[PDB]
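To start, the structure under review is shown below, and the notes come after it.
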Amino acid sequence: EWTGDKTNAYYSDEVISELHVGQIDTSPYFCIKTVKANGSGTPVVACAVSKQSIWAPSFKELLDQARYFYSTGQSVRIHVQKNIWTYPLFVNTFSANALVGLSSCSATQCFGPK
Amino acid sequence: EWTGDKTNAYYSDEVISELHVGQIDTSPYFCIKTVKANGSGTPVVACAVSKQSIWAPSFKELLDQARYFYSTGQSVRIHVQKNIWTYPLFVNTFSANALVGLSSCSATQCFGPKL
Amino acid sequence: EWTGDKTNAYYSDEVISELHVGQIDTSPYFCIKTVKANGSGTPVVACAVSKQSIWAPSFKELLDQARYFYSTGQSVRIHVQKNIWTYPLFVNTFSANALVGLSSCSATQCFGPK
Amino acid sequence: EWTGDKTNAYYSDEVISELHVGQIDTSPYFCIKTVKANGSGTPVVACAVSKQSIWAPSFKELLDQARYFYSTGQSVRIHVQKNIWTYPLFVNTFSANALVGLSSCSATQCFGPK
Amino acid sequence: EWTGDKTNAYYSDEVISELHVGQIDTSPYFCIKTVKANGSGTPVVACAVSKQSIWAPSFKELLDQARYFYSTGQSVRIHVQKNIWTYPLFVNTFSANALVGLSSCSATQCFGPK
């Protein structure tokens with residue numbers, strides 16, 4: 001598996017507008033909400049669950065990086081894997097997307113896979 | 001269990017106004033005080049205790065997040081489970097609330113569970 | 001044991017003015033000096049030692065919190081237990097006070113035991 | 001093995017201008033892009049992969065240090081070992097350079113091997 | 001052993017002017033260069049190496065503290081133990097000094113052993 005696998009989904013030129021931290025089923029988790037920097041389109045919501053899924057090892061790295069980009073409001077590419085989380089109220093509150101990477105976008109194309 | 005369980009309580013548009021770090025019964029812990037951004041109501045106090053209660057796994061995550069929101073002073077939604085800490089002197093100084101989640105807020109909506 | 005126990009001592013309306021980190025007998029340690037925010041009184045010196053005393057479990061949390069309040073310079077209540085450290089040269093450089101808690105203070109109250 | 005081995009390459013007076021975090025083959029990784037502060041030259045891309053290559057042990061230290069220099073914009077020397085990563089889409093997105101060191105730079109020299 | 005043992009050396013009223021992070025013999029390490037705050041004297045160079053030397057337990061504490069003092073530029077006392085690192089190329093690039101403590105300094109004094 002790889003953040004960059006074409007079977008994942010990415011959204012370029014976004015900003016992290018909201019951040020949530022909590023716990024589910026004995027695992028820490030966080031979710032972010034992102035929107036296009038220019039206000040077009042619809043938000044993206046993705047979560048990381050520290051104990052769950054193949055992406056679990058990257059939980060702390062992703063949380064630290066989400067926190068930094070959330071604090072700066074700089075443009076980013078968000079990378080997700082769709083349809084991972086299953087608890088109905090959780091998915092309804094947030095989404096089923098697992099967060100699988102974050103790329104800065106300070107230049108013409110974001111610094112990450114496409 | 002989940003931060004968003006309906007048996008938990010939450011308080012929207014709160015500012016984390018105070019922070020305390022200490023130790024009880026072998027466990028580092030922290031507590032925060034929060035107040036409505038609009039100044040109404042009565043303060044909320046909630047604590048997390050390392051290796052104690054079902055919420056123990058998220059102790060570090062919540063401490064780091066409380067520190068961040070405390071430093072910015074932004075309005076957040078605080079999620080707690082009532083009646084978790086039972087040490088009476090501790091409860092009298094702070095509260096029995098376990099902190100179980102923190103959500104950032106726009107002017108109109110906080111990013112976390114509700115209802 | 002508890003930070004708020006009557007057998008501990010506290011000092012309110014203090015600012016953390018100095019910070020030191022070192023190692024003693026295989027254990028990292030740190031010390032802080034605090035002075036009354038209004039200039040009165042005698043300074044307070046306390047240390048935490050990562051592998052020593054009943055307060056060992058809270059070393060990293062107090063180190064992080066001391067660093068935070070040291071960087072902001074804000075008014076705090078410092079909680080100590082006296083007569084803990086025993087190495088005479090260490091005590092004479094710093095003190096025998098173990099650091100057992102840190103509470104933020106507003107103008108006329110602090111958020112912690114008293 | 002050492003950051004300063006003659007078999008590694010380095011680039012001075014560079015500024016970290018992009019940062020990416022993700023995961024590949026169960027391993028967290030990050031990549032950075034640096035460009036000459038004076039605008040000359042070709043960008044340098046390098047990645048660290050938490051449990052791959054002989055440089056795996058320094059992943060967290062270099063991630064944290066990359067974050068710091070990225071946030072200040074200061075001029076640094078970046079040390080890499082060439083031709084390490086092999087997954088083609090990863091290498092073509094980023095590069096094959098492993099990140100093996102970061103050194104602050106002054107006007108005339110930098111603080112590290114050369 | 002203690003940071004404050006008379007057999008260690010210290011240098012007062014210094015500023016951390018350079019920071020380097022790398023890896024050697026499976027260990028992430030960092031070195032710092034410090035100079036007198038008033039601009040006089042000759043620079044000091046010290047390193048801390050993960051999992052190496054009796055000072056290994058304090059590696060992360062010293063790294064975090066060095067980064068903070070480096071970021072502020074404030075006056076500090078640096079404590080070292082001479083003749084610890086033996087790799088000649090490493091010593092020739094940096095030095096044999098192990099970093100063993102860091103103390104904040106006021107205009108008046110430094111908060112640490114002397």
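Chains: A, B, ... in order of the structure tokens. Residues: from 1 per chain. Ligands: from 1, in order shown.
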
Give me, as CSV, each residue of chain C that comes within 12 Å of chain E, together with its shortest interatomic pair and the distance in Å at one decimal, counting only C-alpha atoms, with rows ordered by chain and rising residue number.
residue,atom,partner,partner_atom,distance
C:16,CA,E:104,CA,11.4
C:17,CA,E:106,CA,8.8
C:18,CA,E:104,CA,5.7
C:19,CA,E:104,CA,5.6
C:20,CA,E:103,CA,4.3
C:21,CA,E:102,CA,5.5
C:22,CA,E:101,CA,4.4
C:23,CA,E:3,CA,5.7
C:24,CA,E:2,CA,4.3
C:25,CA,E:1,CA,5.4
C:26,CA,E:57,CA,6.4
C:27,CA,E:57,CA,6.5
C:28,CA,E:58,CA,5.0
C:29,CA,E:58,CA,8.2
C:30,CA,E:61,CA,8.9
C:31,CA,E:112,CA,8.6
C:32,CA,E:111,CA,8.3
C:33,CA,E:111,CA,7.9
C:34,CA,E:111,CA,11.3
C:45,CA,E:111,CA,9.9
C:46,CA,E:111,CA,11.8
C:47,CA,E:112,CA,11.5
C:49,CA,E:58,CA,11.2
C:50,CA,E:58,CA,9.7
C:51,CA,E:57,CA,10.5
C:59,CA,E:61,CA,11.0
C:60,CA,E:61,CA,9.2
C:63,CA,E:61,CA,9.1
C:64,CA,E:64,CA,10.0
C:66,CA,E:65,CA,11.9
C:67,CA,E:65,CA,9.0
C:68,CA,E:68,CA,10.9
C:70,CA,E:104,CA,11.0
C:71,CA,E:68,CA,9.4
C:87,CA,E:2,CA,10.2
C:88,CA,E:4,CA,11.7
C:89,CA,E:4,CA,8.2
C:90,CA,E:4,CA,7.8
C:91,CA,E:113,CA,10.4
C:92,CA,E:113,CA,9.1
C:93,CA,E:113,CA,5.8
C:94,CA,E:112,CA,7.4
C:95,CA,E:112,CA,11.3

Following superposition of chain D onto chain A on all C-alpha atoms, paired in order, what is the C-alpha RMSD to one decimal in Å?
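Fitting chain D to chain A over paired C-alpha atoms yields 0.6 Å.
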
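In terms of minimum interatomic distance to chain C, B:95 ranks closest within B:95, B:3, B:103, B:8, counting only C-alpha atoms.
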
My list of candidates is B:74, B:42, B:34, B:97. Which is closest to residue 16 (chain B) when distances are computed with only C-alpha atoms?
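Closest residue, counting only C-alpha atoms: B:34.
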
What's around residue 81 (chain B) at 7 Å? Count only C-alpha atoms, leave out sequence neighbours fewer than 3 positions away in its own chain, and write the answer as number ranges by chain.
B: 8-9, 84, 97-100

Please measure the separation of CA of residue 74 (chain E) and CA of residue 71 (chain B), giving the value in Å to one decimal.
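Computing the Euclidean distance for CA of residue 74 (chain E) and CA of residue 71 (chain B) yields 22.2 Å.
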
Interatomic distance (Å, one decimal) between CA of residue 4 (chain B) and CA of residue 39 (chain A)
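According to the coordinates, CA of residue 4 (chain B) and CA of residue 39 (chain A) are separated by 28.8 Å.
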
Distance in Å - CA of residue 8 (chain C) versus CA of residue 107 (chain C):
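One can read the CA of residue 8 (chain C) to CA of residue 107 (chain C) distance as 23.1 Å.
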
Restrict the distance test to only C-alpha atoms, flag each residue of chain B within 6 Å of chain A, and return the flagged residues as a VMD selection string.
chain B and resid 1 to 3 58 100 to 104 113

DSSP helix (DSSP H, G or I) residues within chain A, listed as an mmCIF file with C-alpha atoms, in the first residue's frame:
data_model
loop_
_atom_site.group_PDB
_atom_site.id
_atom_site.type_symbol
_atom_site.label_atom_id
_atom_site.label_comp_id
_atom_site.auth_asym_id
_atom_site.auth_seq_id
_atom_site.Cartn_x
_atom_site.Cartn_y
_atom_site.Cartn_z
ATOM 1 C CA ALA A 56 -2.256 2.863 11.894
ATOM 2 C CA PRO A 57 1.592 3.223 12.043
ATOM 3 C CA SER A 58 1.319 6.723 10.531
ATOM 4 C CA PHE A 59 -1.227 8.012 13.100
ATOM 5 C CA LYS A 60 1.133 10.243 15.095
ATOM 6 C CA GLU A 61 2.991 11.532 12.025
ATOM 7 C CA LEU A 62 -0.329 12.427 10.372
ATOM 8 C CA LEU A 63 -1.709 14.035 13.549
ATOM 9 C CA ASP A 64 1.396 16.171 14.043
ATOM 10 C CA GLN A 65 1.370 17.213 10.387
ATOM 11 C CA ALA A 66 -2.362 17.931 10.389
ATOM 12 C CA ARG A 67 -1.846 20.112 13.460
ATOM 13 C CA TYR A 68 0.911 22.130 11.781
ATOM 14 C CA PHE A 69 -1.000 22.726 8.530
ATOM 15 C CA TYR A 70 -4.192 23.498 10.490
ATOM 16 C CA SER A 71 -2.298 26.153 12.460
ATOM 17 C CA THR A 72 -0.819 27.800 9.366
ATOM 18 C CA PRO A 88 -22.592 4.320 11.458
ATOM 19 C CA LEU A 89 -22.799 7.344 13.782
ATOM 20 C CA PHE A 90 -19.039 7.948 13.387
ATOM 21 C CA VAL A 91 -19.208 7.847 9.585
ATOM 22 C CA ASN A 92 -22.319 10.049 9.670
ATOM 23 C CA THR A 93 -20.660 12.592 11.984
#

Strand (DSSP E) residues, from DSSP on the backbone, in chain C, as a PyMOL selection string:
chain C and resi 9-24+27-36+44-49+76-81+98-104
